[PDB]
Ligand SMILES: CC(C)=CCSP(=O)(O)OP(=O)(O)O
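The chain below stands alone, shown as structure tokens; this is the form deposited without the ligand.
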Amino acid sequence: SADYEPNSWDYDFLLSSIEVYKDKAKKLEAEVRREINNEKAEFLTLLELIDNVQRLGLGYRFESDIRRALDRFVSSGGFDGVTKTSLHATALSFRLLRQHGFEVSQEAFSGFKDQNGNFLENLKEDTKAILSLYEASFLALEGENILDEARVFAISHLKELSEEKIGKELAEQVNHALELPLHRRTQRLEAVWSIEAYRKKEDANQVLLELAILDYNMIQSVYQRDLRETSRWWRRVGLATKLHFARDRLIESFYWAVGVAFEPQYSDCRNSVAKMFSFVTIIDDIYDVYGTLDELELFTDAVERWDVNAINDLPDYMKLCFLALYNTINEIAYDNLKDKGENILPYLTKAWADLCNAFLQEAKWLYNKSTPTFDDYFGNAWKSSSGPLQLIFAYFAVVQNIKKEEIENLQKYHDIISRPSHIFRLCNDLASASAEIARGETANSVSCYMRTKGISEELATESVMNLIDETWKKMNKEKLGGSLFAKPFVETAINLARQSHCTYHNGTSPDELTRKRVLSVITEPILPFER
């Protein structure tokens, strides 16, 4: 059928003094759509265009155009011949195809090996192709050994590189890929970086470049508006000021939400997740350092009973904390009862009851100086991260028609939200591993892994790294098909993982990097286009 219905992100709506900005955005967008649709353009060129469009942060806007292009690139058999011509073309086309649900085999790289079954060592000459292969390897599924091998062959060459041999441009490109592959970096962060990079190319498509900048700043404006309303709500609750021991992480929480749902039409999800993580921060502090087991026991009990007529059992500080959570969640339940005509309160309260219990378990292991095996510890840790609770709330804010089966699967911690949480927990612990280890702390996935396997931090650190890689492959299959959930929500879940990779780094300085990123994504707009 024909679809003439409007999009929640069309400039005609998002840009309703400004009339000037709208017309230009639409004109630029029109020309870009024409290019992606160019029926007579060199295939490799078409693919490189799609790649920039996406890297610059505009893929969500030309989603159907790109699928259409990839479709005729396959039917015409342009892909079959490419897998025999260039490595760069194969890898790039492979990544874009798999990314868009297309069925591709790892055997498309078998033609770049030798009799020994190894990639031709001379391929390292074309650094560009090596970068492409690298990026594509990350979309590997379980079993695809060729891709795993390709990732190895790629990193070897990229590390042994230098600006002097490839140039300041390609060099900056290699360092970026290594820092974090495209498939794992959040879309908003990758866009800021690519836009700064593209605007320096002497042959960069000006129309596309202006559109990227204009669109990026437009979306950022929504975030600022979103954060403004949420900052008002937060300050209204005043929970952060009344609890002298608690730390305020509203801005950091919002930054985190942007990684989960960057599309402008997702303000609710963005706000729901920002608010939720904000409460998680305070409650986490309550169980981690402030509360005594007797009190923690009472609070946990209160969240399970979800009875407002029993807050007088809690000590003053928890009494305030509990009522704030109680109302906030009931608020969200109301919104859903009003919009979807469904009572989801049980699902939201269960998520919170579960989290608190995970927090309680850690408080107990800590108090009793217990030493659970990695499996028991981690099993509890990926839940205490709040990752699945955040996804359960995201669900109701992302899907229009909720399905009893889907929510029941989320309630059972289906792979869709558990896998990303595994990564969430692992990236957090990895970043603080060295610190907590040299301090005698054992409450950390890496530390726990060390004790459970009896190996060095270096050894354990690698094991955790490989653990993440495996999780990504299983996570990639979920999105590729055979999922109970709609692909849109599968991507949301995965974004939690992506955000995890970005908010947890080694270090520019660590605290310095977290400041720059939050500013480049929320506060400071991108410098206007220069002709």
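Note that residue numbering begins at 1 and tracks the sequence as displayed.
There is also a form deposited with the ligand bound; it is not shown, and the following applies to it.
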item: Partner proximity in the deposited bound form: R425 to the ligand, non-hydrogen atom cutoff 4.5 Å; value: yes
item: Partner proximity in the deposited bound form: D288 to the ligand, non-hydrogen atom cutoff 4.5 Å; value: yes
item: In the deposited bound form, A140 touching the ligand (heavy atom, 4.5 Å); value: no
item: Close approach of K165 to the ligand in the deposited bound form, 4.5 Å, heavy atom; value: no
item: One residue of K403, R247, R235, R225 in contact with the ligand, assessed in the deposited bound form (non-hydrogen atom, 4.5 angstroms); value: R247
item: Listed residue (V280, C321, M450, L348) with a non-hydrogen atom within 4.5 angstroms of the ligand in the deposited bound form; value: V280
item: Candidate stretches 210-218, 382-390, 151-159, 99-107 - the one whose heavy atoms come within 4.5 Å of the ligand in the deposited bound form; value: 382-390
